[PDB]
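What follows is a set of notes on a single structure, which appears directly below.
2 protein chains.
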Amino acid sequence: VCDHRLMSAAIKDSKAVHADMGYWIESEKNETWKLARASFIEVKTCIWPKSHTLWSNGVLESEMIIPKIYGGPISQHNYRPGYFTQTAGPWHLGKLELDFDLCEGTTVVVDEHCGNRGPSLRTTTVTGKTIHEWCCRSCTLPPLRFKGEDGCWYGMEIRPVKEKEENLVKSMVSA
Amino acid sequence: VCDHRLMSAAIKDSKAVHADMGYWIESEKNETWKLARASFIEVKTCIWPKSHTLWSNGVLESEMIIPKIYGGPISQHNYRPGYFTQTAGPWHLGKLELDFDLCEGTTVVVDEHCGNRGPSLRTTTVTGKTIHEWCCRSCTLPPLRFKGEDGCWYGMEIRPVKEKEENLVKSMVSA
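The listed protein sequences correspond, in order, to chains B and A.
Note that PDB author numbering gives residue 341 to position 164 of the first sequence, counting from 1, and the numbers run on in steps of one.
Note that PDB author numbering gives residue 247 to position 70 of the second sequence, counting from 1, and the numbers run on in steps of one.
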């Protein structure tokens, strides 16, 4: 089920890609190299070989946006300032897209008075009501965003501003 | 003099390449990943950025065949069993090809009674006489070979077996 030969990596100009059969992971350079986009047809549990990995030196596991357990390359292309490993990201979604943009109908604000890192949350409630104001303590903008066919999700650092409730849609995987 | 945007790296299947405008460095996989071919239109002194480098983790400087000072990627694709860093290689030749094959009219023998590593030598003397018998202490076959338009050279590990005259054409660069 895990074939290394399928895994490809290429970098040219301002664009880098770590890809395989079901994975597409794009890193770009503005000021500095950082994670830009990711597309998952199916989330896989294979480990990414450093032989097939760009910039695999001095990688901190905690900063790897995509966990190595889910096939995240051990790479600084798998980085993003203000964000850490998304172990609690919505990896249960199967088909999933990771990028940095605003979820529709939401706003994100950098505030040290915000809640700490927690399991990733969906921007809509169980009712379908859109949570408007979100925040993060030390993260950067545009915010870390997941997109499934069910709805829109935010990274672990992005928490709701007015929300303290025992009801919330939250991802279901811990890593 | 050093533009990073030119530099490319790609890996697919059994083949990996670190390249730029004048550099082409190919690594292949049989059993294990190791340096296969290299072509230099002109040797450049630029340092290779780890962002553009494949497999840049845990790299031992001594095992890098192409010195980082001459733009050898800090990578395990830049490795080759039985050979170490070619600091004293003929990098002055301008147009240059590094591969693993036998220089025409020569034989290479693995022998512990051989001379130790030294500056890279040309297979012809100043007379044009072809030095026939070569050896190495611990190197592997096929032997490390450089090709310029002037002649053919062997890796630092490969020394002449019996040649008393220092009329040797020899690289005098130190790194």
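In this text, a Cβ means the ideal position worked out from N, Cα and C, and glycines have one as well.
- Close CB contacts of A:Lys245 within its chain, under the 8 Å cut and outside five residues either way in sequence, are with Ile224, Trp225, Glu238 and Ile251 (chain order).
- For the options A:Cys313, A:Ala186, A:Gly282 and A:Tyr247, the alpha carbon positioned closest to that of A:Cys291 is the one of A:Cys313.
- Residue burial is scored here from C-beta neighbours: B:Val194 has at least 16 other C-beta atoms within 10 angstroms and is therefore classed as buried.
- In the assembly as shown, A:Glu334 is a buried residue. Its beta-carbon has 16 or more other beta-carbons within 10 Å.
- Residue-level contact check: B:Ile242 does not touch chain A, since none of the beta carbons of chain A fall below 7 Å from its beta carbon.
- The three-state secondary structure of A:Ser239, taken from DSSP, is helix.
- Measuring C-alpha to C-alpha distances from B:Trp268 to each of B:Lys324, B:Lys341 and B:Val350 identifies B:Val350 as the nearest.
- Here A:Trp330 carries a strand assignment [DSSP, helix/strand/coil].
- Bridge partners of A:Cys291 according to DSSP: none are assigned.
- Of the other Cβ atoms in all chains shown, 16 or more fall within 10 Å of the Cβ of B:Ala213; this residue is therefore buried.
- By the beta-carbon neighbour count (other beta carbons within 10 angstroms, threshold 16), A:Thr283 is buried.
- The three-state reading of DSSP puts A:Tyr247 in helix, counting H, G and I together.
- The closest CA to that of A:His254, considering only A:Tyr247, A:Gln263 and A:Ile243, is found on A:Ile243.
- With a cut-off of 8 Å on Cβ pairs, the region 190-210 of chain B is not in contact with the region 195-214 of chain A, counting fewer than three such pairs.
- Taken in chain order, the members of the region 186-213 of chain A whose beta-carbon sits within less than 7 Å of a beta-carbon on chain B are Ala186, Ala187, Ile188, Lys189, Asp190 and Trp210.
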